[PDB]
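The structure appears right after this line, and notes come after that.
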Amino acid sequence: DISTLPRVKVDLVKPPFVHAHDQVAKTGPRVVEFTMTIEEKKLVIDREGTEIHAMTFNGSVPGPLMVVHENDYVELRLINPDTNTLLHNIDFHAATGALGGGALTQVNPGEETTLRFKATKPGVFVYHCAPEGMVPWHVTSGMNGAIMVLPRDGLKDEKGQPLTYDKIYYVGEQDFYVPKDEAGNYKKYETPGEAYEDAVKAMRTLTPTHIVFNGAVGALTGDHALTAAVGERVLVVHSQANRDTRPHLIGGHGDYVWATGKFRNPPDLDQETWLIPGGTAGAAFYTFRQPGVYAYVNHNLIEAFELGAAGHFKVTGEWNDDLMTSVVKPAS
Amino acid sequence: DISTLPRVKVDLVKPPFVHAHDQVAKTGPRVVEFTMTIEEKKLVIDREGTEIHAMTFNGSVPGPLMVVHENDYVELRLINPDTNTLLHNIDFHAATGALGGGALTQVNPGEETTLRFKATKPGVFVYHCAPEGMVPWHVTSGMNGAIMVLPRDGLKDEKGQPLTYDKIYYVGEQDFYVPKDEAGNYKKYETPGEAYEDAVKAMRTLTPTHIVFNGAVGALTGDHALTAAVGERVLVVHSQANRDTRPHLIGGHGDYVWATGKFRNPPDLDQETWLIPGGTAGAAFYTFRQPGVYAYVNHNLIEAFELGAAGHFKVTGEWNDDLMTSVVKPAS
Amino acid sequence: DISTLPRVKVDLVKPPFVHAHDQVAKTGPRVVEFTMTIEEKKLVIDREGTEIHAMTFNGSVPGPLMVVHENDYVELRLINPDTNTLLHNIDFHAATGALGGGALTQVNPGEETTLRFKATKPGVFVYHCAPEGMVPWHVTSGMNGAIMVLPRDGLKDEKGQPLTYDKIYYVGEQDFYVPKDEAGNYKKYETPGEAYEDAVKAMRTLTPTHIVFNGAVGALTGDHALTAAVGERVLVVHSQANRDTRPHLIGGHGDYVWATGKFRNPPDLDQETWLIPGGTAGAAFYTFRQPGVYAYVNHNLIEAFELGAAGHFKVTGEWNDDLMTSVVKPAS
Ligand SMILES: O=N[O-]
Ligand SMILES: O=N[O-]
Ligand SMILES: O=N[O-]
Ligand SMILES: O=N[O-]
Ligand SMILES: O=N[O-]
Ligand SMILES: O=N[O-]
Ligand SMILES: O=N[O-]
Ligand SMILES: O=N[O-]
Ligand SMILES: O=N[O-]
Ligand SMILES: O=N[O-]
Ligand SMILES: O=N[O-]
Ligand SMILES: O=N[O-]
Ligand SMILES: O=N[O-]
Ligand SMILES: O=N[O-]
Ligand SMILES: O=N[O-]
Ligand SMILES: O=N[O-]
Ligand SMILES: O=N[O-]
Ligand SMILES: O=N[O-]
Ligand SMILES: [Cu+2]
Ligand SMILES: [Cu+2]
Ligand SMILES: [Cu+2]
Ligand SMILES: [Cu+2]
Ligand SMILES: [Cu+2]
Ligand SMILES: [Cu+2]
Numbered sequence: 046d047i048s049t050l051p052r053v054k055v056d057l058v059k060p061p062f063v064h065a066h067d068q069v070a071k072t073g074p075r076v077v078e079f080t081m082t083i084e085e086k087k088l089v090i091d092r093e094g095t096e097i098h099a100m101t102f103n104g105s106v107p108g109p110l111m112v113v114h115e116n117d118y119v120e121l122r123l124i125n126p127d128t129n130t131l132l133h134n135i136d137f138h139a140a141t142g143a144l145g146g147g148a149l150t151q152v153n154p155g156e157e158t159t160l161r162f163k164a165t166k167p168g169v170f171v172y173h174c175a176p177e178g179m180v181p182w183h184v185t186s187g188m189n190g191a192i193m194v195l196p197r198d199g200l201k202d203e204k205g206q207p208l209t210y211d212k213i214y215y216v217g218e219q220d221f222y223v224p225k226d227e228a229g230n231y232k233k234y235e236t237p238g239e240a241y242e243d244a245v246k247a248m249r250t251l252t253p254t255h256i257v258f259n260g261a262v263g264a265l266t267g268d269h270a271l272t273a274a275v276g277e278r279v280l281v282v283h284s285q286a287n288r289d290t291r292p293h294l295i296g297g298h299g300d301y302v303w304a305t306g307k308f309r310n311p312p313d314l315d316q317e318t319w320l321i322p323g324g325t326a327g328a329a330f331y332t333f334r335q336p337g338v339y340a341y342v343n344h345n346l347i348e349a350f351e352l353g354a355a356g357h358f359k360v361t362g363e364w365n366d367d368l369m370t371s372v373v374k375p376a377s
Numbered sequence: 046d047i048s049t050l051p052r053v054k055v056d057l058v059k060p061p062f063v064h065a066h067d068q069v070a071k072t073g074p075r076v077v078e079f080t081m082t083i084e085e086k087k088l089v090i091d092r093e094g095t096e097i098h099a100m101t102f103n104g105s106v107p108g109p110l111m112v113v114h115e116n117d118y119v120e121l122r123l124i125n126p127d128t129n130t131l132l133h134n135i136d137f138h139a140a141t142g143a144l145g146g147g148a149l150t151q152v153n154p155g156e157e158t159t160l161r162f163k164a165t166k167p168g169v170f171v172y173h174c175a176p177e178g179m180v181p182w183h184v185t186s187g188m189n190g191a192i193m194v195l196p197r198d199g200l201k202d203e204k205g206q207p208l209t210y211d212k213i214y215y216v217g218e219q220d221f222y223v224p225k226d227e228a229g230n231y232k233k234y235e236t237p238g239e240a241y242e243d244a245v246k247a248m249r250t251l252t253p254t255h256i257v258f259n260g261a262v263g264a265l266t267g268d269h270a271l272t273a274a275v276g277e278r279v280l281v282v283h284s285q286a287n288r289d290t291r292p293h294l295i296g297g298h299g300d301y302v303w304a305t306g307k308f309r310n311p312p313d314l315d316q317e318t319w320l321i322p323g324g325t326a327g328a329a330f331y332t333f334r335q336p337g338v339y340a341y342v343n344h345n346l347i348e349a350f351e352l353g354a355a356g357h358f359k360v361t362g363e364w365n366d367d368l369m370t371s372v373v374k375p376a377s
Numbered sequence: 046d047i048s049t050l051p052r053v054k055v056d057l058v059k060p061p062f063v064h065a066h067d068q069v070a071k072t073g074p075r076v077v078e079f080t081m082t083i084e085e086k087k088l089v090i091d092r093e094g095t096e097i098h099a100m101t102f103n104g105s106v107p108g109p110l111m112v113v114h115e116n117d118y119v120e121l122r123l124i125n126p127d128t129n130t131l132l133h134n135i136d137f138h139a140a141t142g143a144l145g146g147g148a149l150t151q152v153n154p155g156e157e158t159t160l161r162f163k164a165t166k167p168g169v170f171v172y173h174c175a176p177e178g179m180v181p182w183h184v185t186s187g188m189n190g191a192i193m194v195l196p197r198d199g200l201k202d203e204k205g206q207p208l209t210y211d212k213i214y215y216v217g218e219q220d221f222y223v224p225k226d227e228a229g230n231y232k233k234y235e236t237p238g239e240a241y242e243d244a245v246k247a248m249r250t251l252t253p254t255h256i257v258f259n260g261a262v263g264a265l266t267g268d269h270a271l272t273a274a275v276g277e278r279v280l281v282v283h284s285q286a287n288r289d290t291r292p293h294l295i296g297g298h299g300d301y302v303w304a305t306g307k308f309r310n311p312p313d314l315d316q317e318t319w320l321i322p323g324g325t326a327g328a329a330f331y332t333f334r335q336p337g338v339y340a341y342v343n344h345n346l347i348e349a350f351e352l353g354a355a356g357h358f359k360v361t362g363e364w365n366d367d368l369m370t371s372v373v374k375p376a377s
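Chains as they are written, first to last, in full-length UniProt numbering: chain L, 46 to 377; chain S, 46 to 377; chain P, 46 to 377.
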């Protein structure tokens, strides 16, 4: 009887940060309430000033990470304001039935809807927009995110012992297909609808023009680098709603990795690089052992360093010479 | 002594259906006899009427699924009628030696051959044509299928308890590379041999023009949608002989998945999407919990919705509001 | 106290062969000393005489396989002679900190450096060059290899019983992006630096022109085919520093496979084909059961047979008719 369950309202935060939550459930099953507003907006995606008409959940690419526990109910109020121009909906890979909620959430500009589903399977899962006839266009314009459904007793290692993270980040990786004129210059459009047939043609090449973390080349660098300290346990959730990726922490490892993101399976240990298939979210747990700058990349290094799929961690603490040292510094 | 073993003759059926078989072996080891006839035929692959010269086992793309048990012998009579124009053969990834049988099965038009091999490893496996010097051309013209070698005691879950399916379907996914003229229009040819050098050039782009299930855009829709009922346990075998794919059931999950298709390994649990590498068959087990239409796709959504890699399930039964419900239907 | 540990100097050998080592460690932890010299050289990569300016560790593509045990220290002397023109460095995915050693190993022509790191995680791992601003160019010009860190008690199967190999080979798979003029002819350059902007443009297509094993189309064929005997246990280490691959032994299997190469995980059993993600090394163990020629390929068969990613094994011994036999040889 759902009306007897506690309700809790969560305010979402912008990626790569994640809203507050408990790893081990401190209550019984709850109805967890979320609100997202759809925003179509112009986004500058690279250093050259290339602009696209992005389609977003809550103003960001990716959409925010939602966190619940196994056998909670998720109740999402989805708002499509009349300042938008397109029909949108939402499909949760975490959910069972009705195209993951897609069939029940079709909202025209000026409409809203509220969907409830039971989170029956633990793991990280993609969510994305999926309107009839225009699915890849919405998804590859940025309209995707992820949801984490934790086991009620938190994460476990391959021997079933508790794994507790100190920090959690969400990296959403996005393949964009910006249309090009004859010479290879990127085209510009006044509205999302103008771009449609050119977008379809660009998509059919299967060759992205940009592949980015958190919505732009360089978004997770500088003042926006991810941070940690030596000794901290970090969980990095990574999603790709459309195309395969192969994350790698340069200078580190994935100590425990759920590459296809489903926590009832034992983690893979000591990964250098792992494959997250398009349409999947994965999670990797690492304990930092050395300070300094780390690069977190898609390890197709062209996709990383030429197309944009690279971010940074900045890690503070003590250097350990037993793990690595320069014996003879570069010299003639 | 093989002559003392029972022989059983199996008549194959057209994909996505599968010939009758027992999950748990009701006899000792047998010699299982199959016959396939090679057919080169014109195939219309999309809604626009694009035609290719397909190269098929038994008239279909994919070729039919063959089902045996571990330590059966498979005896295949392979016929290449004199109405064909090309040399063909067959390579079974299930088999050991002689290029998977490829070295022993080279048949010119007007010839036949009979190969026997022992099915020593349990799993789903690709089979495909592989003639010297023209391997990818035959395979990417449709000349591939799969064989399932069941354990003698049937399938097991991650804890070694029996898993029994009520229905089984075979989805063969095919990447086609249709040659294009200068402006991007698909070319037509009178015979398979005319297309050869143009086919090689189209293949070398590594960019398929079409990616389809069961031989055509829309083949597993409408009257040809896959069917099931709420509560039924369905095994979906999926093969890709040349290129990676990432299957996803829209509105469902892979409850138990052997993504690389080999049943001595424990299944992965609760998959949203899984990667089947090119040259592999995989299998996913799901119990339907909600009625309605489901889409089964390659979750590179461009490959799905623009290039053709999407089919439907139509599921009958009772709707469960505890799993999902519309709380507030789309409204102003 | 590292100064009290034994030191052992290893001389590396050319791929696909591997330097001598013990599977089960016969000593306590050691400092293992290696020397590599960087060589920029012209390489002919295909039958047509296409030449590139390759960037190599120790004169080969891939660089040599280094073999140590878990909790050894690796001390690498890296030499960049003044006959080279570029700055190089080395990143070990096996190592922890400083971009895998990349931040500490930047050597101009005429310089050398010595790096030490502790091999804390068992597995096969990529190493590659990674200079600031030119990472994918160096890697896709051939500047990558692998290192194997064995458990001190050798390899184990899925039940923890010893697995011992009789022979070990290293297959390095390389994606090249040779720039093309307007008509599609490959361009030639006097020096590595001349090619830079054309190389970047060719890389951004994400479409390799060649994909090769051991540095050239046909390199592992003929007199350079890999060899084994019926009954031998062979470990094949395979690396791809930039792009996914899907190895397959034509006529065989992967009996035990670590597709992402990390030995604390149980192996996958009975694989037909497995996916090694770009930026990863994997390892597959097979016992040969039949004599003859086998082809070892990337099972995107276009990449294999058109772009170059195919090699051969030649296996001697006795034919077993119980596993496979021609019942009726091809006839009218
Ligand atoms: O700014 N609207 O796409
Ligand atoms: O946009 N309706 O709340
Ligand atoms: O789905 N493309 O990796
Ligand atoms: O092809 N996926 O990077
Ligand atoms: O080790 N980074 O490519
Ligand atoms: O899907 N389990 O990582
Ligand atoms: O119809 N023969 O390709
Ligand atoms: O085609 N010979 O039976
Ligand atoms: O092999 N291409 O996914
Ligand atoms: O690249 N395979 O979809
Ligand atoms: O959830 N289907 O893309
Ligand atoms: O290959 N086992 O899914
Ligand atoms: O031969 N030097 O690139
Ligand atoms: O190149 N210095 O030894
Ligand atoms: O990273 N390309 O398979
Ligand atoms: O896309 N990797 O072959
Ligand atoms: O079975 N070789 O493609
Ligand atoms: O990464 N273990 O194969
Ligand atoms: Cu949308
Ligand atoms: Cu989806
Ligand atoms: Cu054929
Ligand atoms: Cu094959
Ligand atoms: Cu270099
Ligand atoms: Cu790397």
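Ideal placement from N, C-alpha and C gives every residue a C-beta, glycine not left out.
- For the stretch 161-173 of chain L, the beta-carbon criterion of a distance under 8 angstroms to any beta-carbon of chain S is satisfied by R161, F162, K163, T165, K166, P167, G168, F170 and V171.
- Rounded to the nearest whole angstrom, the CA to CA distance from P/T185 to P/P292 is 19 angstroms.
- Chain-ordered, the chain P residues with CB closer than 8 angstroms to the CB of S/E120 read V372.
- Collapsing the DSSP output to three states places P/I347 in a helix.
- Annotation for L/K359: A270, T272 and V338 place their beta carbon closer than 7 angstroms to its own, counting only its chain and skipping 5 residues before and after.
- Taking a C-beta distance under 9 angstroms as the contact criterion, S/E84 and S/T101 qualify as a contact pair.
- Positions of the alpha helix (DSSP H) runs, each at least 4 residues long and wholly inside the stretch 236-319 of chain L, are given as 241-249 in order along the chain.
- Unbroken alpha helix (DSSP H) stretches of 4 residues or longer found wholly inside the stretch 167-211 of chain P: 180-184, given in chain order.
- What P/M188 touches in chain L, judged by beta-carbon distance under 7 angstroms, is nothing: the nearest beta carbon there is about 11 angstroms away.
- By the Cβ rule, the stretch 132-141 of chain S does not count as touching the stretch 214-230 of chain S, because fewer than three pairs are nearer than 8 angstroms.
- Inter-residue distance for P/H255 and P/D220 is about 6 angstroms (C-alpha atoms, whole angstroms).
- If you check the CB distance, S/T290 and S/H298 do not come in under 9 angstroms.
- Distance from the Cα of L/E203 is smallest, within the candidate group P/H344, P/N310 and P/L160, for P/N310.
- When 7 angstroms is used as the limit between beta carbons, P/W319 is near these residues of chain S: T305 and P322, in chain order.
- Between the stretch 88-95 of chain S and the stretch 48-61 of chain S there are fewer than three C-beta pairs closer than 8 angstroms, too few to call the two in contact.
- Of the candidates L/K307, L/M248 and L/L208, the residue whose Cα lies closest to the Cα of L/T332 is L/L208.
- Where P/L121 is concerned, the enclosing beta strand (DSSP E) starts and stops at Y118 to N125.
- Interface annotation for the stretch 49-62 of chain P against chain L: empty, criterion Cβ-Cβ distance under 8 angstroms.
- The Cβ atoms of L/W319 and P/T141 lie no closer than 9 angstroms to each other.
- With a 10 Å radius around the Cβ and a threshold of 16 neighbouring Cβ atoms, P/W364 comes out exposed.
- A Cβ of chain P is located within less than 9 angstroms of the beta carbon of L/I347.
- Under DSSP, L/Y234 takes part in no beta bridge, so it has no partner.
- Put simply, the stretch 66-79 of chain S touches the stretch 102-122 of chain S. At least three CB pairs are less than 8 angstroms apart.
- A Cβ of chain L is located within less than 9 angstroms of the beta carbon of P/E156.
- For the C-beta of L/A143, the chain S residues within less than 8 angstroms are, from N- to C-terminus, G296, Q335, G337 and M369.
- The Cβ atoms of S/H357 and S/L195 do not sit closer than 9 angstroms to each other.
- Here S/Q316 is not near S/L200, since their CB atoms are 9 angstroms or more apart.
- Chain-order list of chain S residues neighbouring L/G146: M369, by C-beta distance under 7 angstroms.
- Between L/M179 and L/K225, the alpha-carbon positions lie close to 20 angstroms from each other.
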